[PDB]
Amino acid sequence: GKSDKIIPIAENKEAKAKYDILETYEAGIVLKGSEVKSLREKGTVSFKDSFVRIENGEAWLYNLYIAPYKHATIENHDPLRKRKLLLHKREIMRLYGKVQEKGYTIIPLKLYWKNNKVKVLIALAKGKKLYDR
């Protein structure tokens, strides 16, 4: 990684294995500027404690394993960091119904910011299937 100026973030794979991937959606996360730098320079985030849930009309990102450190004072909230990522209108509604009710789940994969903002990729997986072992 010499040229370019894109910084990679987030990562996963376990879900795919233990859970068969069916469909994938696209969400976009946009925050201030100072925040971006903190994470970009550092290079650490949730591992196996961050989940994604779809609500309202867009994809939502919830992390319960924030690695970064931006709290020096003793006046902060629980480590969650709720972020809202854009989405569609028809798709969001559809996925919510089938994926949720039928018997599916939503988890985060890899989100990186290029140019200046982050894009997160989400995938839908089921609680194992096909081969029952």
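Labelled according to the PDB entry, the chain appears under the name Small protein B, originating from Aquifex aeolicus. The record lists the entry's title as "NMR Structure of Small Protein B (SmpB) from Aquifex aeolicus".

Asker: Summarise the sheet that holds strand β1 (residues 21–29); cite the residues concerned and give the values.
Answerer: Strand order in the open sheet made by the six strands is β2-β3-β4-β1-β6-β5, with antiparallel pairing throughout. With partners counted over all chains shown, the strands left at the sheet margins are β2 (50–55) and β5 (105–114), one partner each. On average, each strand axis in the sheet is tilted by 35° relative to the strand beside it, whichever way the strands run. In terms of strand pairing, β2 meets strand β3 (residues 58–63) through six bridges, oriented antiparallel. Considered in β3, the bridge of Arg53 is made with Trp60. Docked against the sheet, helix α3 (residues 90–103) engages β1, β2, β3, β5 and β6 (117–125), running at close to 115° with respect to β2.

Asker: Account for the nonpolar core, naming residues and giving values.
Answerer: Counting residues in each nonpolar core, the largest one holds 23 residues, and the members touching the most others are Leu85 and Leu111. Elements that contribute at least two residues to this core include exactly β1, β2, β3, α3, β5 and β6. The dominant element in this core, judged by the number of residues it contributes, is β6, at four residues.

Parameters at a glance
- Residues numbered from 1 in each chain as written, not as in the entry; some residues may be left out.
- Heavy atoms only, no water.
- Pairing = 2+ DSSP bridges.
- Helix = DSSP H or I, 4+ residues; strand = E, 2+ residues; numbered from the N terminus.
- Axes fitted to C-alpha atoms, helices over the stretch in contact; angles between N-to-C directions.
- Contact = heavy atoms within 4.5 Å.
- Core = buried A, V, L, I, M, F, W, Y, C linked by side-chain atoms within 4.5 Å.
- Buried < 20%, exposed > 50% of the residue type's maximum accessible area, 1.4 Å probe, protein only.

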